[PDB]
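Trainee: This is work_15.tsv, which holds TSV, C-alpha atoms and all ligand atoms:
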```tsv
chain	number	residue	atom	x	y	z
L	1	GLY	CA	-6.09	-150.46	-132.58
L	2	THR	CA	-9.13	-148.22	-133.02
L	3	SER	CA	-12.67	-149.56	-133.15
L	4	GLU	CA	-14.73	-148.98	-136.29
L	5	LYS	CA	-16.91	-146.59	-134.27
L	6	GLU	CA	-13.81	-144.62	-133.22
L	7	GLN	CA	-12.72	-144.53	-136.87
L	8	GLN	CA	-16.04	-143.16	-138.13
L	9	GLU	CA	-15.97	-140.59	-135.31
L	10	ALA	CA	-12.48	-139.54	-136.39
L	11	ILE	CA	-13.58	-139.28	-140.01
L	12	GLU	CA	-16.38	-136.91	-139.02
L	13	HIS	CA	-13.95	-134.91	-136.88
L	14	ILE	CA	-11.61	-134.61	-139.86
L	15	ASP	CA	-14.48	-133.38	-142.03
L	16	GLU	CA	-15.20	-130.68	-139.44
L	17	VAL	CA	-11.53	-129.70	-139.38
L	18	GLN	CA	-11.56	-129.52	-143.19
L	19	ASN	CA	-14.55	-127.15	-143.09
L	20	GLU	CA	-12.47	-124.92	-140.81
L	21	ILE	CA	-9.52	-125.06	-143.21
L	22	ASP	CA	-11.98	-124.29	-146.02
L	23	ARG	CA	-13.08	-121.17	-144.15
L	24	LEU	CA	-9.52	-119.92	-143.76
L	25	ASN	CA	-8.81	-120.67	-147.43
L	26	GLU	CA	-11.76	-118.47	-148.36
L	27	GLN	CA	-10.83	-115.66	-145.98
L	28	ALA	CA	-7.28	-115.69	-147.38
L	29	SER	CA	-8.56	-115.53	-150.97
L	30	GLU	CA	-10.81	-112.63	-149.98
L	31	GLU	CA	-8.02	-110.61	-148.35
L	32	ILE	CA	-5.88	-111.19	-151.44
L	33	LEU	CA	-8.63	-109.97	-153.77
L	34	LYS	CA	-9.00	-106.78	-151.72
L	35	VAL	CA	-5.25	-106.14	-151.91
L	36	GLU	CA	-5.46	-106.40	-155.70
L	37	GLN	CA	-8.42	-104.02	-155.68
L	38	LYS	CA	-6.60	-101.49	-153.49
L	39	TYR	CA	-3.57	-101.43	-155.77
L	40	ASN	CA	-5.63	-101.33	-158.95
L	41	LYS	CA	-6.95	-98.03	-157.60
L	42	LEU	CA	-3.45	-96.87	-156.63
L	43	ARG	CA	-2.02	-97.58	-160.10
L	44	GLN	CA	-4.88	-95.90	-162.02
L	45	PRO	CA	-3.64	-92.26	-161.72
L	46	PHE	CA	-0.26	-93.48	-163.14
L	47	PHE	CA	-1.97	-95.27	-166.07
L	48	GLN	CA	-3.92	-92.07	-166.72
L	49	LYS	CA	-0.77	-89.93	-166.65
L	50	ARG	CA	0.86	-92.48	-168.96
L	51	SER	CA	-2.03	-92.20	-171.43
L	52	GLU	CA	-1.48	-88.44	-171.66
L	53	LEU	CA	2.23	-88.97	-172.28
L	54	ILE	CA	1.66	-91.68	-174.92
L	55	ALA	CA	-0.44	-89.10	-176.83
L	56	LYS	CA	2.87	-87.33	-177.49
L	57	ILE	CA	4.47	-90.38	-179.15
L	58	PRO	CA	3.32	-91.06	-182.74
L	59	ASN	CA	2.29	-94.64	-183.53
L	60	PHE	CA	3.13	-95.80	-180.02
L	61	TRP	CA	0.67	-98.67	-179.89
L	62	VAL	CA	1.25	-100.16	-183.33
L	63	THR	CA	5.01	-100.10	-182.65
L	64	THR	CA	4.39	-101.87	-179.33
L	65	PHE	CA	2.30	-104.57	-181.00
L	66	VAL	CA	4.62	-105.19	-183.98
L	67	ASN	CA	7.45	-105.74	-181.49
L	68	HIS	CA	5.43	-108.08	-179.26
L	69	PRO	CA	6.30	-111.78	-179.74
L	70	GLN	CA	2.71	-113.04	-179.55
L	71	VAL	CA	0.69	-110.11	-180.95
L	72	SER	CA	2.87	-109.57	-184.01
L	73	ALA	CA	1.98	-113.06	-185.26
L	74	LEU	CA	-1.65	-111.96	-185.55
L	75	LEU	CA	-1.03	-108.84	-187.65
L	76	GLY	CA	-1.10	-108.86	-191.41
L	77	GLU	CA	0.42	-106.15	-193.57
L	78	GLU	CA	-2.86	-104.29	-194.00
L	79	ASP	CA	-3.68	-104.74	-190.31
L	80	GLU	CA	-0.45	-102.93	-189.44
L	81	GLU	CA	-1.45	-100.07	-191.70
L	82	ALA	CA	-4.82	-99.78	-189.95
L	83	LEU	CA	-3.17	-99.88	-186.52
L	84	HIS	CA	-1.20	-96.74	-187.39
L	85	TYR	CA	-4.52	-95.01	-186.70
L	86	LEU	CA	-4.65	-96.49	-183.20
L	87	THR	CA	-4.01	-93.60	-180.81
L	88	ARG	CA	-4.96	-94.98	-177.41
L	89	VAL	CA	-5.48	-98.31	-175.68
L	90	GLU	CA	-7.20	-98.57	-172.30
L	91	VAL	CA	-7.69	-101.57	-170.03
L	92	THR	CA	-10.42	-101.34	-167.38
L	93	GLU	CA	-10.74	-104.04	-164.72
L	94	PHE	CA	-13.95	-104.16	-162.70
L	95	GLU	CA	-13.99	-104.99	-158.99
L	96	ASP	CA	-16.71	-107.63	-159.30
L	97	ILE	CA	-14.94	-110.31	-161.32
L	98	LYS	CA	-18.26	-111.35	-162.83
L	99	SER	CA	-17.92	-108.02	-164.64
L	100	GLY	CA	-14.43	-108.99	-165.84
L	101	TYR	CA	-12.53	-106.37	-167.81
L	102	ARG	CA	-12.70	-104.37	-171.01
L	103	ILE	CA	-10.13	-103.29	-173.60
L	104	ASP	CA	-10.81	-100.11	-175.58
L	105	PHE	CA	-8.98	-99.17	-178.78
L	106	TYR	CA	-9.23	-95.55	-179.93
L	107	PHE	CA	-8.83	-94.82	-183.64
L	108	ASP	CA	-8.34	-91.57	-185.53
L	109	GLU	CA	-10.43	-91.07	-188.62
L	110	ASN	CA	-9.33	-93.79	-191.00
L	111	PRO	CA	-10.30	-95.37	-194.33
L	112	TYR	CA	-11.26	-98.79	-192.89
L	113	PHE	CA	-14.12	-98.22	-190.44
L	114	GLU	CA	-16.30	-95.48	-188.97
L	115	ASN	CA	-15.93	-96.35	-185.29
L	116	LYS	CA	-14.03	-93.97	-183.06
L	117	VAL	CA	-13.54	-96.73	-180.46
L	118	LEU	CA	-13.51	-100.53	-180.73
L	119	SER	CA	-13.88	-102.51	-177.51
L	120	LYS	CA	-13.90	-106.13	-176.41
L	121	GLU	CA	-15.46	-106.95	-173.03
L	122	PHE	CA	-14.80	-110.09	-171.00
L	123	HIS	CA	-17.22	-111.23	-168.30
L	124	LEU	CA	-18.75	-114.27	-166.64
L	125	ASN	CA	-22.18	-115.25	-167.92
L	126	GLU	CA	-25.06	-116.34	-165.69
L	127	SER	CA	-23.74	-119.90	-165.53
L	128	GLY	CA	-20.31	-118.73	-164.33
L	129	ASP	CA	-18.39	-119.32	-167.54
L	130	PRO	CA	-16.13	-116.84	-169.34
L	131	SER	CA	-17.85	-114.97	-172.18
L	132	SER	CA	-17.14	-111.91	-174.30
L	133	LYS	CA	-18.81	-109.28	-176.47
L	134	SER	CA	-17.64	-106.46	-178.73
L	135	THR	CA	-18.42	-103.26	-180.61
L	136	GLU	CA	-19.83	-103.92	-184.06
L	137	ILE	CA	-17.24	-102.67	-186.59
L	138	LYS	CA	-18.78	-100.38	-189.22
L	139	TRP	CA	-16.41	-101.05	-192.10
L	140	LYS	CA	-16.38	-98.51	-194.93
L	141	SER	CA	-17.23	-99.54	-198.48
L	142	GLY	CA	-14.67	-101.90	-199.99
L	143	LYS	CA	-12.36	-101.63	-196.97
L	144	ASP	CA	-13.49	-104.55	-194.79
L	145	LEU	CA	-10.18	-106.07	-193.72
L	146	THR	CA	-11.96	-109.32	-192.86
L	147	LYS	CA	-12.96	-109.87	-196.51
L	148	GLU	CA	-3.23	-115.63	-196.09
L	149	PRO	CA	-4.02	-115.61	-192.37
L	150	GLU	CA	-7.15	-113.98	-190.99
L	151	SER	CA	-7.11	-110.30	-190.06
L	152	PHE	CA	-6.30	-109.22	-186.53
L	153	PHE	CA	-9.64	-107.46	-186.52
L	154	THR	CA	-11.52	-110.78	-186.51
L	155	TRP	CA	-10.50	-110.91	-182.84
L	156	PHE	CA	-13.25	-108.41	-182.04
L	157	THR	CA	-15.82	-110.83	-183.43
L	158	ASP	CA	-14.34	-114.07	-182.04
L	159	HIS	CA	-16.19	-115.29	-178.96
L	160	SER	CA	-16.33	-119.05	-179.23
L	161	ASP	CA	-14.00	-119.48	-176.23
L	162	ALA	CA	-13.40	-116.52	-173.79
L	163	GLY	CA	-12.27	-119.21	-171.24
L	164	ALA	CA	-9.21	-119.06	-173.50
L	165	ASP	CA	-8.84	-115.76	-175.39
L	166	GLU	CA	-5.12	-115.52	-174.89
L	167	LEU	CA	-4.89	-112.13	-176.58
L	168	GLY	CA	-7.08	-110.37	-174.02
L	169	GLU	CA	-5.00	-111.78	-171.19
L	170	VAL	CA	-1.74	-110.90	-172.95
L	171	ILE	CA	-2.91	-107.28	-173.28
L	172	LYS	CA	-4.25	-107.12	-169.70
L	173	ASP	CA	-1.37	-108.84	-167.92
L	174	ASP	CA	1.71	-108.25	-170.10
L	175	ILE	CA	1.43	-105.32	-172.49
L	176	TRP	CA	-0.78	-103.04	-170.39
L	177	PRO	CA	1.39	-103.05	-167.25
L	178	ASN	CA	4.48	-102.15	-169.36
L	179	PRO	CA	4.13	-101.37	-173.09
L	180	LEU	CA	7.27	-99.21	-173.14
L	181	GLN	CA	9.60	-102.21	-173.23
L	182	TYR	CA	8.06	-103.22	-176.57
L	183	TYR	CA	7.91	-99.69	-178.01
L	184	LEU	CA	11.62	-99.15	-177.40
L	185	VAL	CA	14.22	-100.71	-179.71
L	186	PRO	CA	17.95	-100.52	-178.92
L	187	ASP	CA	20.04	-98.18	-181.07
L	188	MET	CA	23.30	-98.95	-182.85
F	1	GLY	CA	2.66	-82.63	-184.02
F	2	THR	CA	5.30	-83.10	-181.34
F	3	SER	CA	8.96	-82.29	-181.87
F	4	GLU	CA	11.52	-85.08	-181.57
F	5	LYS	CA	12.78	-83.40	-178.38
F	6	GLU	CA	9.25	-83.43	-176.94
F	7	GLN	CA	8.96	-87.11	-177.89
F	8	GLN	CA	12.20	-88.10	-176.15
F	9	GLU	CA	11.09	-86.09	-173.10
F	10	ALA	CA	7.79	-87.97	-173.09
F	11	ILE	CA	9.58	-91.30	-173.39
F	12	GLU	CA	11.67	-90.50	-170.31
F	13	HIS	CA	8.53	-89.39	-168.47
F	14	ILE	CA	6.87	-92.68	-169.34
F	15	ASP	CA	9.89	-94.58	-168.02
F	16	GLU	CA	9.57	-92.69	-164.73
F	17	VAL	CA	5.86	-93.51	-164.57
F	18	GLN	CA	6.68	-97.17	-165.23
F	19	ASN	CA	9.14	-97.18	-162.31
F	20	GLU	CA	6.28	-95.94	-160.14
F	21	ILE	CA	3.97	-98.68	-161.43
F	22	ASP	CA	6.82	-101.14	-160.78
F	23	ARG	CA	6.94	-99.97	-157.17
F	24	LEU	CA	3.22	-100.52	-156.66
F	25	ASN	CA	3.46	-103.94	-158.33
F	26	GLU	CA	6.13	-104.89	-155.80
F	27	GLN	CA	4.25	-103.51	-152.81
F	28	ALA	CA	1.14	-105.43	-153.90
F	29	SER	CA	3.11	-108.67	-154.27
F	30	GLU	CA	4.58	-108.09	-150.81
F	31	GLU	CA	1.20	-107.53	-149.13
F	32	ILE	CA	-0.09	-110.69	-150.82
F	33	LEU	CA	2.86	-112.75	-149.57
F	34	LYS	CA	2.23	-111.56	-146.00
F	35	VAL	CA	-1.45	-112.54	-146.24
F	36	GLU	CA	-0.38	-116.03	-147.28
F	37	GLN	CA	2.06	-116.13	-144.37
F	38	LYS	CA	-0.59	-115.00	-141.87
F	39	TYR	CA	-3.03	-117.70	-142.96
F	40	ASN	CA	-0.37	-120.41	-143.13
F	41	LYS	CA	0.05	-119.74	-139.40
F	42	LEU	CA	-3.72	-119.71	-138.84
F	43	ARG	CA	-4.23	-123.07	-140.58
F	44	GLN	CA	-1.34	-124.84	-138.78
F	45	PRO	CA	-3.22	-125.70	-135.53
F	46	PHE	CA	-5.95	-127.30	-137.72
F	47	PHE	CA	-3.38	-129.35	-139.70
F	48	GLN	CA	-1.90	-130.46	-136.38
F	49	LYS	CA	-5.30	-131.47	-135.01
F	50	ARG	CA	-5.94	-133.29	-138.28
F	51	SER	CA	-2.68	-135.22	-137.93
F	52	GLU	CA	-3.79	-136.50	-134.53
F	53	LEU	CA	-7.14	-137.58	-135.97
F	54	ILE	CA	-5.57	-139.31	-138.99
F	55	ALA	CA	-3.56	-141.43	-136.51
F	56	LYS	CA	-6.91	-143.07	-135.68
F	57	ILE	CA	-7.57	-144.14	-139.29
F	58	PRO	CA	-5.58	-147.19	-140.47
F	59	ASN	CA	-3.81	-146.84	-143.83
F	60	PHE	CA	-5.19	-143.34	-144.35
F	61	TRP	CA	-2.37	-142.07	-146.52
F	62	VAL	CA	-1.93	-145.07	-148.82
F	63	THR	CA	-5.70	-145.07	-149.42
F	64	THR	CA	-5.52	-141.34	-150.24
F	65	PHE	CA	-2.70	-141.89	-152.73
F	66	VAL	CA	-4.18	-144.96	-154.47
F	67	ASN	CA	-7.35	-142.92	-155.07
F	68	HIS	CA	-5.49	-139.87	-156.37
F	69	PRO	CA	-5.61	-139.51	-160.18
F	70	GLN	CA	-1.98	-138.40	-160.56
F	71	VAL	CA	-0.23	-140.15	-157.65
F	72	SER	CA	-1.76	-143.57	-158.27
F	73	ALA	CA	-0.05	-143.72	-161.67
F	74	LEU	CA	3.33	-143.67	-159.90
F	75	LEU	CA	2.65	-146.57	-157.53
F	76	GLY	CA	3.53	-150.13	-158.36
F	77	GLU	CA	2.08	-153.13	-156.57
F	78	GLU	CA	5.01	-153.47	-154.19
F	79	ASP	CA	5.08	-149.70	-153.63
F	80	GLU	CA	1.49	-149.88	-152.42
F	81	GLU	CA	2.46	-152.60	-149.98
F	82	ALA	CA	5.28	-150.44	-148.59
F	83	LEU	CA	2.96	-147.43	-148.30
F	84	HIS	CA	0.72	-149.39	-145.92
F	85	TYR	CA	3.48	-148.62	-143.41
F	86	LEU	CA	3.10	-144.89	-144.02
F	87	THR	CA	1.49	-143.46	-140.89
F	88	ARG	CA	1.89	-139.71	-141.26
F	89	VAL	CA	2.59	-137.12	-143.94
F	90	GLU	CA	3.55	-133.55	-143.07
F	91	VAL	CA	4.03	-130.53	-145.33
F	92	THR	CA	6.05	-127.62	-143.94
F	93	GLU	CA	6.25	-124.34	-145.86
F	94	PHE	CA	8.92	-121.84	-144.84
F	95	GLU	CA	8.30	-118.10	-144.81
F	96	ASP	CA	11.42	-117.25	-146.81
F	97	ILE	CA	10.61	-118.79	-150.18
F	98	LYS	CA	14.30	-119.39	-150.78
F	99	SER	CA	13.80	-122.03	-148.08
F	100	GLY	CA	10.87	-123.51	-150.02
F	101	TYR	CA	9.02	-126.38	-148.37
F	102	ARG	CA	9.54	-129.91	-147.12
F	103	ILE	CA	7.45	-133.09	-147.22
F	104	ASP	CA	7.99	-135.66	-144.48
F	105	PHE	CA	6.76	-139.27	-144.68
F	106	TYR	CA	6.63	-141.25	-141.42
F	107	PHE	CA	6.93	-145.03	-141.63
F	108	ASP	CA	6.32	-147.74	-139.06
F	109	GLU	CA	8.92	-150.46	-138.80
F	110	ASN	CA	8.82	-152.22	-142.15
F	111	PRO	CA	10.74	-154.82	-144.17
F	112	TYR	CA	11.93	-152.41	-146.91
F	113	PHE	CA	14.06	-149.74	-145.21
F	114	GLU	CA	15.38	-148.68	-141.81
F	115	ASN	CA	14.37	-145.02	-141.91
F	116	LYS	CA	11.66	-143.82	-139.57
F	117	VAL	CA	11.10	-140.73	-141.74
F	118	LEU	CA	11.77	-140.01	-145.42
F	119	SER	CA	11.77	-136.37	-146.52
F	120	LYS	CA	12.16	-134.40	-149.72
F	121	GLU	CA	13.07	-130.70	-149.42
F	122	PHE	CA	12.52	-128.07	-152.12
F	123	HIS	CA	14.46	-124.81	-152.09
F	124	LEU	CA	16.08	-122.20	-154.29
F	125	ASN	CA	19.82	-122.58	-154.77
F	126	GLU	CA	22.30	-119.69	-154.69
F	127	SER	CA	21.60	-118.86	-158.33
F	128	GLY	CA	17.84	-118.58	-157.69
F	129	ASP	CA	16.78	-121.82	-159.37
F	130	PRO	CA	14.57	-124.54	-157.89
F	131	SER	CA	16.53	-127.43	-156.36
F	132	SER	CA	15.79	-130.36	-154.06
F	133	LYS	CA	17.42	-132.82	-151.68
F	134	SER	CA	16.31	-135.89	-149.73
F	135	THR	CA	16.93	-138.37	-146.93
F	136	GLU	CA	19.14	-141.25	-148.01
F	137	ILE	CA	16.98	-144.41	-147.93
F	138	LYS	CA	18.64	-147.24	-145.99
F	139	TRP	CA	17.10	-150.21	-147.77
F	140	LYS	CA	17.25	-153.56	-145.98
F	141	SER	CA	19.00	-156.53	-147.55
F	142	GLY	CA	17.26	-157.79	-150.68
F	143	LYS	CA	14.35	-155.38	-150.27
F	144	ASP	CA	15.46	-152.36	-152.32
F	145	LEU	CA	12.30	-151.51	-154.24
F	146	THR	CA	14.37	-149.56	-156.77
F	147	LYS	CA	16.21	-152.72	-157.87
F	148	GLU	CA	7.73	-152.49	-165.36
F	149	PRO	CA	7.68	-148.81	-164.36
F	150	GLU	CA	10.13	-147.40	-161.83
F	151	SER	CA	9.27	-147.46	-158.14
F	152	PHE	CA	7.54	-144.52	-156.51
F	153	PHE	CA	10.46	-144.40	-154.11
F	154	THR	CA	12.82	-143.22	-156.87
F	155	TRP	CA	11.08	-139.86	-156.41
F	156	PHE	CA	13.13	-139.28	-153.26
F	157	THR	CA	16.31	-139.55	-155.31
F	158	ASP	CA	15.13	-137.64	-158.42
F	159	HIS	CA	16.45	-134.09	-158.50
F	160	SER	CA	17.27	-133.36	-162.11
F	161	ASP	CA	14.46	-130.78	-162.37
F	162	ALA	CA	12.86	-129.32	-159.15
F	163	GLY	CA	11.67	-126.39	-161.39
F	164	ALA	CA	9.20	-129.10	-162.40
F	165	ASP	CA	8.69	-131.80	-159.76
F	166	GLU	CA	4.96	-132.02	-160.22
F	167	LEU	CA	4.54	-134.54	-157.41
F	168	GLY	CA	5.79	-132.19	-154.71
F	169	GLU	CA	3.42	-129.48	-155.88
F	170	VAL	CA	0.52	-131.93	-156.13
F	171	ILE	CA	1.10	-132.97	-152.50
F	172	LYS	CA	1.59	-129.38	-151.27
F	173	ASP	CA	-1.27	-127.73	-153.15
F	174	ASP	CA	-3.87	-130.47	-153.72
F	175	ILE	CA	-3.58	-133.45	-151.40
F	176	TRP	CA	-2.28	-131.67	-148.30
F	177	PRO	CA	-5.05	-129.04	-148.09
F	178	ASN	CA	-7.71	-131.80	-148.36
F	179	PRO	CA	-6.70	-135.49	-148.35
F	180	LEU	CA	-10.08	-136.62	-146.99
F	181	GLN	CA	-11.79	-136.33	-150.36
F	182	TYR	CA	-9.42	-138.99	-151.71
F	183	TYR	CA	-9.56	-141.25	-148.64
F	184	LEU	CA	-13.35	-141.42	-148.80
F	185	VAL	CA	-15.09	-143.66	-151.35
F	186	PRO	CA	-18.89	-143.59	-151.79
F	187	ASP	CA	-20.82	-146.58	-150.49
F	188	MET	CA	-23.45	-148.63	-152.31
Q	201	CA	CA	12.28	-103.52	-176.65
Q	202	CA	CA	-13.42	-139.70	-152.94
Q	203	MG	MG	15.59	-96.99	-180.96
Q	204	MG	MG	-16.77	-146.03	-148.37
```
Can you turn what I pasted into structure tokens?
Mentor:
Amino acid sequence: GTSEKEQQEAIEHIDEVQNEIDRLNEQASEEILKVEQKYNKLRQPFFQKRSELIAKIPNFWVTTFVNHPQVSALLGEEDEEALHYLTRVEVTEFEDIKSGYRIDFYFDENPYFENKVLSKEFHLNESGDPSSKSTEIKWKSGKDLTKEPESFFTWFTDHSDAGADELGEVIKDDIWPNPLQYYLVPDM
Amino acid sequence: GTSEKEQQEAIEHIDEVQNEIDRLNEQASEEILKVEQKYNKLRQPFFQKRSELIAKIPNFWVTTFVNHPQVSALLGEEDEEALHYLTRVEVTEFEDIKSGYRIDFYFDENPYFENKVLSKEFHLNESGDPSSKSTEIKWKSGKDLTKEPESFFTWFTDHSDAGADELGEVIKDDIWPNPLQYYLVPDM
């Protein structure tokens, strides 16, 4: 019962209404991002206290990883040995999501590599796509674990799809918020 | 270098710290839910204005669905005919998420069924699991579209996994926020 002029006029009116819904969608997403930023700051003193407490627990992080259903699948026998030198893991999330997040792994002096810290960083590149970069591992002579599944440590050098990279997100979103559940094993 | 007593004491201290992170996680999730509730109220006048404008556009909703990559796969030839009688679609989201959401479909008098409105409701049941329920369709004699893929209209009676029910979530989260993109087809 509407004329074709009335219909086109309604279509334009709907488009204007959609632009207004778009605006609210964006404002909502913005408020939500700020909430996450507020609470990332509120949790940080607690993660820092937890890091000091984990320093009291020998082999905390390798125990956590060996008991994790996804991470354990990536660890070979010699990788597990090397991870006994892992003293500290830190996850840092940047406010600007183009800056992404970083995972740092702190290692005591060990026979495999010279680095005191190994890190993998996740960010958006100039075209808006997920990318990653890492510390170059300075393996010691005859102890390159990357030279039979592939070593865990090839993760540091794997960048051909950060859009994916499940392991980074597992550490950021699962293990980092609560590693204690995986460290602890029921007694009998 | 820590005693086993010091280690157990640290483990308990970590558990306490985790409870404190847990609390912040929950407060963050709560603030985020309230933001979504605020903006659901702010968008509602715009969805209501849009409903009045869509009333001016013949066969708006069937056109939207036939041009939707997932919904079109569910529509048979006779379903499409029946959906030309669909005048109005409404999505209602309740604040308490145990109450879930509802989708209402308004139909002009048609040869297939007597109902003026067909609805599917999604909620959590007492055990916390997704469930759904619907209007009983009062098909007219010899015109039961459920009596060769199955009719679209069997969706109203399909409840054996609301945990899934992709179609409900596609309507709520994709089509409902912006159906105009699917209604509109470029000219040449
Ligand atoms: Ca456990
Ligand atoms: Ca289109
Ligand atoms: Mg034990
Ligand atoms: Mg056109």
Trainee: Residues at most 6 Å from ligand MG 203 (chain Q), using only C-alpha atoms and all ligand atoms? Could they come as an NGL selection string?
Mentor: :L and (184-187)
Trainee: Could you take the residues named above and write them with C-alpha atoms, as a PDB file, in the coordinates of the input?
Mentor:
```pdb
ATOM      1  CA  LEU L 184      11.620 -99.150-177.400  1.00  0.00           C
ATOM      2  CA  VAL L 185      14.220-100.710-179.710  1.00  0.00           C
ATOM      3  CA  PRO L 186      17.950-100.520-178.920  1.00  0.00           C
ATOM      4  CA  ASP L 187      20.040 -98.180-181.070  1.00  0.00           C
TER       5      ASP L 187
END
```
Trainee: Pull out every residue of chain F that has at least one atom within 8 Å of chain L, counting all atoms listed in the file, and report them as a ChimeraX atom specification.
Mentor: /F:2,6-7,10-11,13-15,17-18,20-21,24-25,28,31-32,35-36,39,42-43,46,49-50,53-54,56-57,177-178,180
Trainee: Quick one: pull the distance between atom CA of residue L:142 and atom CA of residue L:78, Å, one decimal.
Mentor: 13.5 Å
Trainee: Just the number, please: distance in Å from atom CA of residue L:118 to atom CA of residue L:80, one decimal.
Mentor: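 According to the coordinates, atom CA of residue L:118 and atom CA of residue L:80 are separated by 15.9 Å.
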Trainee: Using only C-alpha atoms, which residues sit within 12 Å of stretch 159-164 of chain F once same-chain residues fewer than 5 positions away are excluded, as an MDAnalysis selection string?
Mentor: chainID F and resid 100:101 120:125 128:134 154 169:170
Trainee: From the options F:81, F:26, F:63, F:90, which residue's atoms come nearest to residue F:171, counting only C-alpha atoms?
Mentor: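 Among F:81, F:26, F:63, F:90, it is F:90 that comes nearest to residue F:171.
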Trainee: What is the distance, in Å and to one decimal place, between atom CA of residue L:5 and atom CA of residue F:188?
Mentor: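 Between these atoms lies a distance of 19.3 Å.
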Trainee: Hey, can you pull every residue with an atom no more than 6 Å from (4.9, -149.7, -141.7), using all atoms listed in the file, and send it as a list in words?
Mentor: residues 84, 85, 86, 107, 108, 109 and 110 of chain F
Trainee: Find the residues with any atom within 12 Å of (1.1, -106.5, -186.9); use only C-alpha atoms and the coordinates as given in the file, and write the answer as a list in words.
Mentor: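 Collected hits near the coordinates: residues 61, 62, 63, 64, 65, 66, 67, 68, 69, 70, 71, 72, 73, 74, 75, 76, 77, 78, 79, 80, 81, 82, 83, 84, 149, 150, 151, 152 and 153 of chain L.
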Trainee: Excluding residue F:105 and residues on its chain fewer than 3 positions from it, collect all residues at most 6 Å away from it, counting all atoms listed in the file, and give them as a PDB file with C-alpha atoms, in the frame of the given file.
Mentor:
```
ATOM      1  CA  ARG F  88       1.890-139.710-141.260  1.00  0.00           C
ATOM      2  CA  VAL F  89       2.590-137.120-143.940  1.00  0.00           C
ATOM      3  CA  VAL F 117      11.100-140.730-141.740  1.00  0.00           C
ATOM      4  CA  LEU F 118      11.770-140.010-145.420  1.00  0.00           C
TER       5      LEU F 118
END
```
Trainee: What are the centre and the three edge lengths of an axis-aligned box that wraps all atoms of stretch 51-59 of chain F in the file, given that 4 Å is added to every side, written as AutoDock Vina command-line options and rounded to one decimal in Å?
Mentor:
```
--center_x -5.1 --center_y -141.2 --center_z -139.2 --size_x 12.9 --size_y 20.0 --size_z 17.3
```
